[PDB]
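The chain that follows stands alone, in the form deposited in one PDB entry, written as structure tokens.
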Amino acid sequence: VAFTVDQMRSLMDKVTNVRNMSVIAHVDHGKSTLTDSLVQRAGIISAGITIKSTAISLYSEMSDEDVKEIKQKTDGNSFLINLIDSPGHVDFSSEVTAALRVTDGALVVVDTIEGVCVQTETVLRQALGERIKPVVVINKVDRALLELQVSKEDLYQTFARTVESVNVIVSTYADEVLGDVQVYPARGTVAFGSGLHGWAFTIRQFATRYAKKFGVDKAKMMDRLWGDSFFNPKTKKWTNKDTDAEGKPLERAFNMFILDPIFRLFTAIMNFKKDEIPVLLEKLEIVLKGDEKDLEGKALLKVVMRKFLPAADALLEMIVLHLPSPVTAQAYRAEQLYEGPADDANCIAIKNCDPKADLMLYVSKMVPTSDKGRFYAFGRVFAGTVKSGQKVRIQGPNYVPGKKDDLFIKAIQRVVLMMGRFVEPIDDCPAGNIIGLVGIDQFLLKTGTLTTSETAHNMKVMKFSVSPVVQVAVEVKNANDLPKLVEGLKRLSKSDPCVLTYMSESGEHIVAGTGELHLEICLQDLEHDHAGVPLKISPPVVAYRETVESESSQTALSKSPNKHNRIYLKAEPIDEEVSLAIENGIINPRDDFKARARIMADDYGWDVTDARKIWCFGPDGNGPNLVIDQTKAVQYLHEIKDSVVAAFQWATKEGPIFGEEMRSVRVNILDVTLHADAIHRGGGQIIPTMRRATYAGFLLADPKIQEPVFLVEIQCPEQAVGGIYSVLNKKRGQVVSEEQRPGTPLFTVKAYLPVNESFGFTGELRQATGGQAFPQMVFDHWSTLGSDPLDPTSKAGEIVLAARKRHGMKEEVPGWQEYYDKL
């Protein structure tokens, strides 16, 4: 249905009537098909900026009698349902957690034949760890009838085992402080159906119909429609034993009043028994309409089943009647989602889903918009209310109430409703609703917390990293399409904050990602959409770093082609502390050289003298590499500065070891000799000098390379935890810590995994832990290999030689002599 901004806002005020949920289902189990049905049923539409669909708004109204069946405070017969989108596979770990983190309820889809699959089982563990209440739906029932041609009782027994399986998981992993969260078909928390044909039902639905034909309050009617309840057709009495006095068998109420009607329609229609079909239909009061009356076979069955038991309604019913509103769930989920004090003013404001308290909005992710390469922050208001214009404290990952690091006191340009693909501006938005923000893309990479309380901690952060540690080179298979790749790449980088496209000096097109999978997906999206041209992609490669271990053996000198200009310098190490401080915005290129000097001097033991002479950082003018101007009385020096800095950007972007970036490299210009006339000290003359002097300096400062390393967190049942360690000892992994969830047998292993050792890691972890393990890895740190990158046979030199040959460079690493003055 369509709605005005007022209706949505008004509807959004009655949080008690909102449902923040996700759909936990394997892709091959109609996750897509069932979700669609709700959209085609209760999808909300508004009465030119498009976005990547991250959530869907669903409206549902119920009878005043129904609103009473809700064992949680409500108000009104209207209900707003936020269907928060989920990943397709599980490998997307980080973003699975993301969707879950903002949901309170979860519609879990299971298969009739296959039951609960390993994957769905895992996600559920995760959902339970977030204290998400589940509601089940056994899908693909049709497959059981048409294919297996199973009996009413065999099918019933199956649902029974299936439901039994789920609850083994639910009870084993649901938090004790939640109470019995198991699903019970008799209680209307388990629907059965077919996404394909578009039908589904709940015991409570058949209980509402047979409601009076027996003179029963549906409470006891639906209680009978499941389990061991029997209605003797002869005696017309209800019994609790599967046999009558003579020992004859009695059909179960479920098989009798639910499965039988359905099974008849299938038998009648699929056997084209035209005499029966009409009679059978009128009995269940199913009226065909015109063109429908002539249908037969599946075509027909499909229409009848949809009109009989509309799938979407069965689900909407369980969603509204059993899933927790933003009010019920936050009370027991708040503490879990606040790395601050339990009693804290904000944590309490979260428990009470209080719209008057300081803002506590969660940004689960940044989503691509059509409005430039801008990204809108997607999230949930856990406390207070967000308003367009309102100025907010944007607390990123590193933030801590103590320091001011990673803070961005900015103003929210616009607040919008994430109506699937389109957005709809709204003044404010009270706690409890999923909303989108406009104008934060440049302060929040992907995740973050927005607040108003100056003493507000961040909410359970979702570790991620924008550090390109895996990259590939993309080439077009048909030279003509080249311009189509040049646009798709621009496009690609425009759709993901953590994907990177850039060009090497060799002129190659580079696509670098956060990890193997993340890169892999980007390459598909490129060749299939952003470009759609047959591309030649090189094998995945790890991003390294070139760095120095000591001060240059001796001064490095280089002179321009003129032979009229000279640069004398020395390279030396930057302490990981400083490199980190640079990488973390503490030491900043945009700072007042003086204020920044004070910081480097005081907190990092730098001569304030040197620090005030920082000429530039690099690469990209902000990297953890510096050039310090230590010259003394060099006339015209400032007239070559822009060139020096330029040379430095290139020397640091692709260093002399094997073209990899430099890191933690300090360059001190000891001296310079320039031609009196500027005509002879231009860019073409100084740039190569400096770049070469630097290479010389660097190569003389005892060279070494750093390999990127992950911090992988793994969830796994104490049983399969063995397979983790099994795989880590074959990947040079280093276990950081292993913990267990108090109640459950769910361990949580954390380790360091060399990125160049993580290829096909998940694949191997899969087999190793029976698929029960839930991997999750982020870039953690750079590790300086000990080996000599110059020695071919050494471990590093082995990396280097391969790389060099791969790049078609001269196998051997240039001596410093090659970049020094040829004297």
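The first residue of the shown sequence is 1; numbering continues from there. Whichever C-alpha set is largest while still superposing within 1.5 Å between the two forms counts as the rigid core.
Note that the form deposited in another entry isn't included here; everything after this is about it.
Legend entry - C-alpha displacement of 2 Å or more between this form and the one not shown on the rigid core, among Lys387, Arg187, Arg374, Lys731: Among the listed residues, the one whose C-alpha moves by 2 Å or more is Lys731.
Inset, instruction - Take the rigid core as the frame of reference and indicate whether the C-alpha of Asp791 shifts by 2 Å or more between this form and the one not shown. - result: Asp791: C-alpha displaced by 2 Å or more between this form and the one not shown.
Inset, instruction - Verify the C-alpha shift of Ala268 between this form and the one not shown: is it 2 Å or more after superposing the core? - result: Superposed on the core, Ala268 moves its C-alpha less than 2 Å between this form and the one not shown.
Inset, instruction - Compare the position of the CA of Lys410 between this form and the one not shown after a rigid core fit and state whether the shift reaches 2 Å. - result: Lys410 C-alpha, core-superposed: shift of less than 2 Å.
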